[PDB]
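For reference, the structure discussed in these notes is given below.
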Amino acid sequence: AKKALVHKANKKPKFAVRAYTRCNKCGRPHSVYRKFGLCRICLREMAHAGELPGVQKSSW
Amino acid sequence: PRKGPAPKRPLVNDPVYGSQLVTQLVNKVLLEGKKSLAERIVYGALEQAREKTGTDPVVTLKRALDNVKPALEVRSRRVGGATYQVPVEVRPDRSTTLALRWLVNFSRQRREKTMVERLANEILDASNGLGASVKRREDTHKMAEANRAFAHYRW
Amino acid sequence: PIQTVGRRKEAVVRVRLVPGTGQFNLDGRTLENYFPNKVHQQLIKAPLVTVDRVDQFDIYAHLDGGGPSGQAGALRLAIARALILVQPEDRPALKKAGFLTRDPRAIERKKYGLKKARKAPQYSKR
Amino acid sequence: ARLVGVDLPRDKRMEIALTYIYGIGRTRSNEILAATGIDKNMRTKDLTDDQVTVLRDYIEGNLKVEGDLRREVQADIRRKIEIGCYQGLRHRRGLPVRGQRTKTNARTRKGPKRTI
Amino acid sequence: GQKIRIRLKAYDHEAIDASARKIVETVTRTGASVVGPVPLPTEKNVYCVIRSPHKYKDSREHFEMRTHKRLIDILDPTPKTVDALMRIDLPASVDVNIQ
Amino acid sequence: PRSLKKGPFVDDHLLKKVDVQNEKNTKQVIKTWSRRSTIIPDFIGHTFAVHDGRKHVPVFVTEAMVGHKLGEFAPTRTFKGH
RNA sequence: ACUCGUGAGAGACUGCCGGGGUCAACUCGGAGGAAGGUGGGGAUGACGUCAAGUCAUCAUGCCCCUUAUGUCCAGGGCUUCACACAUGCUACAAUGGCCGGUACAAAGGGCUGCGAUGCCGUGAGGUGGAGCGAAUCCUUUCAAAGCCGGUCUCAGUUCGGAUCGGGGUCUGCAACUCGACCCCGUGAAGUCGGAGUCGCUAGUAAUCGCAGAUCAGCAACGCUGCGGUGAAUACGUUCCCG
Ligand SMILES: [Mg+2]
Ligand SMILES: [Mg+2]
Ligand SMILES: [Mg+2]
Ligand SMILES: [Mg+2]
Ligand SMILES: [Mg+2]
Ligand SMILES: [Mg+2]
Ligand SMILES: [Mg+2]
Ligand SMILES: [Mg+2]
Ligand SMILES: [Mg+2]
Ligand SMILES: [Mg+2]
Ligand SMILES: [Mg+2]
Ligand SMILES: [Mg+2]
Ligand SMILES: [Mg+2]
Ligand SMILES: [Mg+2]
Ligand SMILES: [Mg+2]
Ligand SMILES: [Mg+2]
Ligand SMILES: [Mg+2]
Ligand SMILES: [Mg+2]
Ligand SMILES: [Mg+2]
Ligand SMILES: [Mg+2]
Ligand SMILES: [Mg+2]
Ligand SMILES: [Mg+2]
Ligand SMILES: [Zn+2]
């Protein structure tokens, strides 16, 4: 992710329809969860490291 | 099958009459898993055949089954680059299963504009010896008698 | 007071026996009105026929969850259990018949990578 | 029967007999028969002239049918193809105007299939 | 007759049970009537994520998030009991809602 | 199709340009970069040079094509065939 | 006094009996029992092979641009078409389409979001908005297949719905390339399909519904999950693949 573009997206857009997610840790535009604010791979890494309070392996 | 013979399901008997043949017939005619609808089809066709023929439905059912059940079947195998047909006897259970299968398949392809009618007419034709199932069994026995020369393979 | 319960595919039923007549009350309606299927009537009445004690027991049913077949199975199991509880004498014969044994099969897990249950997606070597 | 140059079928339900008229279809036939109160299940054998004539009167008074419909259709086509609109160019090329997936589908518009 | 809905929210059974116990002992010490930690349907959130980036979608992973909710229906809300509940410190893993 | 309640939308700058143009009564080539502005009866006798992605293509507008957007009459992709 | 939701414990260990077995593993049958011989499913990929995929998540050695190959903004494109291949949905009709009456489930979501009742619209939807940070209020009393009554009499059809015209609603500053939905006209190909080829051994095959992620609007017939009704067959390894 280009840092120019990620900072630009963080900057308040001139219109309300120009806002989107941009995963914070890595700035991936696609495949990002709204609740956590992190993308697929970031969620994977945090969960496997166990540093995210509440995520765990699922097996039912 | 490689390890050995698998167990066979304990089929239950029909409460309306008391014949497992009716249960087998409804199971064979089942289409898209509509058990009640298939049972209604079978009961309606049976009642129509009964009112057309003026006889006992179960009696005519066993008559047709005994008339159309086969005794010999043809199997295919290749020896020395040539594909040959080998006939072999068939057990009574599989004979009855094939008889029911043939009945259903040749009831499928009639032109009476109504399936509840076509099934009853096919049953009547099988009972009286004018059925497509009867013709199929004729052809099967003819082929077996024609190609039984290779019986020495015994496979 | 006497009580029993039966289960089949999330179908939980309540059954209480009374020494009255042979009437069946299912949520305030008769057996013919509720689930009018010959299969259901025969499966519900089978244990009573096996015991051969017809028309002196009244049952009242409160139902929740499951489907028609599941509820029918739960009811038959519950009435068999109540029969055994009230008269343990016929327990050997009824168990041999096979009505007191719970049926431990239901919808199984759906596994990722497939369409549902156990069905394998269209897998081609092309 | 016969109406506005359209040969009504020998034996067909009126709900589809009126549909056969190019200017009226399934739901239009349903609404028209609901308005007139005519049963939609009767056969052509019981048709009578006066009801048919009054139906013709209503449909000609309230709607445009057959040749007129055609004429405004081709008038629209010609004006759009002359003004250089996107739909005009699509009609020139004989392709769908909505812009569906021309990749594989649209065989209906493209007509028969020819190999190269 | 006044009743206060004491709601407990937590992610781990051990800590939620410890907090519920602590509440029970303090309520008993203060002398108030409490039903106890009645069970409730636990929240279940399931998230599915692709195993690897750049295609390779045939394999995935599934994640779960369990939150346990307990109700402590306190009756006769004595002011001493209320103040004790106010000044009792709970682990951050357990959230206490007073209503 | 644009909702009737809201009405057609026209760019403010283009509206001002056409208003001044038809107040002065001069007819010239207007450098138009709005492919979104809808046409209004006031465009009866004006010329607009829309942008097709390569260069400005001038198009003459009359009453015949009322009710269509500017980009409809300006092709974007060229297809010479095979 | 039973489910119900959620804490602790018991329960399958060849546990016992008879025969085979080197008196050994192991095996067949029987009793008890919810289950009998890893009860059903999931999480779980040993040393290594394919210089397998990923400098477009991220990080990094070297080379390259630095007044550009960095950077703002308007428009256009990623949706182009005489064709070809792959994965799914709709069918090809009577076990059926349509019309009226009529009963059964699970799980999940809701704050700048769900949206009750009422009124007007054929219906998209317009007004208003109680109850909710949620076993309480909304997702309709969660339905569809199912059951009863009527029409169709085998037709390119009351099956089948694409294409093209004429009118509207909704989110958006922004619907012509380029959205979805509602109303209408429109009636095309298609009558079970060639060699060849794919899935499946019990709640399985098939058929019929529901909810969520990404999201203001959606290309959602995709993916993930939760369900209703629910089969046939396995003689046995000669031939095809590993
Ligand atoms: Mg957006
Ligand atoms: Mg993303
Ligand atoms: Mg593939
Ligand atoms: Mg290895
Ligand atoms: Mg490589
Ligand atoms: Mg390589
Ligand atoms: Mg790097
Ligand atoms: Mg650049
Ligand atoms: Mg593009
Ligand atoms: Mg593309
Ligand atoms: Mg379909
Ligand atoms: Mg209905
Ligand atoms: Mg209305
Ligand atoms: Mg309803
Ligand atoms: Mg059609
Ligand atoms: Mg249809
Ligand atoms: Mg055809
Ligand atoms: Mg034909
Ligand atoms: Mg073939
Ligand atoms: Mg969407
Ligand atoms: Mg389940
Ligand atoms: Mg299911
Ligand atoms: Zn990320």
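For the structure tokens, the naming scheme is as follows: chains receive sequential letters (A, B, ...) according to their order of presentation, residues are indexed from 1 within each chain, and ligands are indexed from 1 in presentation order.
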Quiz prompt | All residues having an atom within 10 Å of ligand 2 (only C-alpha atoms (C1' of nucleotides) and all ligand atoms) as a list in words | solution =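 Listing the residues within 10 Å of ligand 2 gives residues 20, 21, 22, 23, 27, 28, 29, 30, 31, 32, 33, 34, 37, 38, 39 and 40 of chain A; 214 of chain G.
Environment of ligand 5, defined as every protein or nucleic acid residue with an atom within 9 Å of it and counting only C-alpha atoms (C1' of nucleotides) and all ligand atoms, comprises residues 51, 52 and 53 of chain G.
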Keeping only N, CA and C atoms (P, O5', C5', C4', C3', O3' and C1' of nucleotides), take the residues you just selected and write them out as a PDB file, in the first residue's frame.
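And here is the file that came out, part.pdb:
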```pdb
ATOM      1  P     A G  51      10.742 -28.836 -10.655  1.00  0.00           P
ATOM      2  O5'   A G  51      10.984 -27.722  -9.546  1.00  0.00           O
ATOM      3  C5'   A G  51      12.256 -27.100  -9.389  1.00  0.00           C
ATOM      4  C4'   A G  51      12.164 -25.890  -8.495  1.00  0.00           C
ATOM      5  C3'   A G  51      11.527 -24.658  -9.134  1.00  0.00           C
ATOM      6  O3'   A G  51      10.762 -23.952  -8.160  1.00  0.00           O
ATOM      7  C1'   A G  51      13.704 -24.126  -8.402  1.00  0.00           C
ATOM      8  P     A G  52       9.627 -22.916  -8.623  1.00  0.00           P
ATOM      9  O5'   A G  52       8.633 -23.792  -9.510  1.00  0.00           O
ATOM     10  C5'   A G  52       8.174 -25.056  -9.055  1.00  0.00           C
ATOM     11  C4'   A G  52       6.679 -25.062  -8.857  1.00  0.00           C
ATOM     12  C3'   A G  52       6.051 -23.709  -8.561  1.00  0.00           C
ATOM     13  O3'   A G  52       5.780 -22.964  -9.737  1.00  0.00           O
ATOM     14  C1'   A G  52       5.301 -25.281  -6.969  1.00  0.00           C
ATOM     15  P     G G  53       6.083 -21.388  -9.793  1.00  0.00           P
ATOM     16  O5'   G G  53       4.951 -20.746  -8.875  1.00  0.00           O
ATOM     17  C5'   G G  53       3.596 -20.731  -9.299  1.00  0.00           C
ATOM     18  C4'   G G  53       2.721 -19.971  -8.335  1.00  0.00           C
ATOM     19  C3'   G G  53       3.304 -18.684  -7.775  1.00  0.00           C
ATOM     20  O3'   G G  53       3.176 -17.594  -8.672  1.00  0.00           O
ATOM     21  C1'   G G  53       2.333 -19.951  -6.025  1.00  0.00           C
TER      22        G G  53
END
```
Self-check item: Contacts of ligand 17, 9 Å or closer, only C-alpha atoms (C1' of nucleotides) and all ligand atoms, given as a list in words
Solution: residues 92, 156, 189, 190 and 191 of chain G
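A distance search around ligand 11 (12 Å at most, only C-alpha atoms (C1' of nucleotides) and all ligand atoms) returns the following protein and nucleic acid residues: residues 88, 89, 90, 91, 92, 160, 161, 207, 208 and 221 of chain G.
Using only C-alpha atoms (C1' of nucleotides), we find that the part of chain D lying within 9 Å of chain G comprises residues 13, 15, 16, 22, 23, 24, 25, 27, 28, 41, 72, 73, 76, 85, 86, 96, 97, 99, 100, 101, 102, 103, 106, 108, 109, 114, 115 and 116 of chain D.
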Kindly work out which residues sit at most 9 Å from ligand 4, using only C-alpha atoms (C1' of nucleotides) and all ligand atoms, and give the list as a PDB file with C-alpha atoms (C1' of nucleotides), in the first residue's frame.
```
ATOM      1  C1'   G G  45      -0.440 -32.567   7.413  1.00  0.00           C
ATOM      2  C1'   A G  46       6.564 -36.790   9.739  1.00  0.00           C
ATOM      3  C1'   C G  47      11.695 -36.411   6.722  1.00  0.00           C
ATOM      4  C1'   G G  48      11.027 -34.515   1.699  1.00  0.00           C
ATOM      5  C1'   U G  49       9.504 -33.988  -3.802  1.00  0.00           C
TER       6        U G  49
END
```
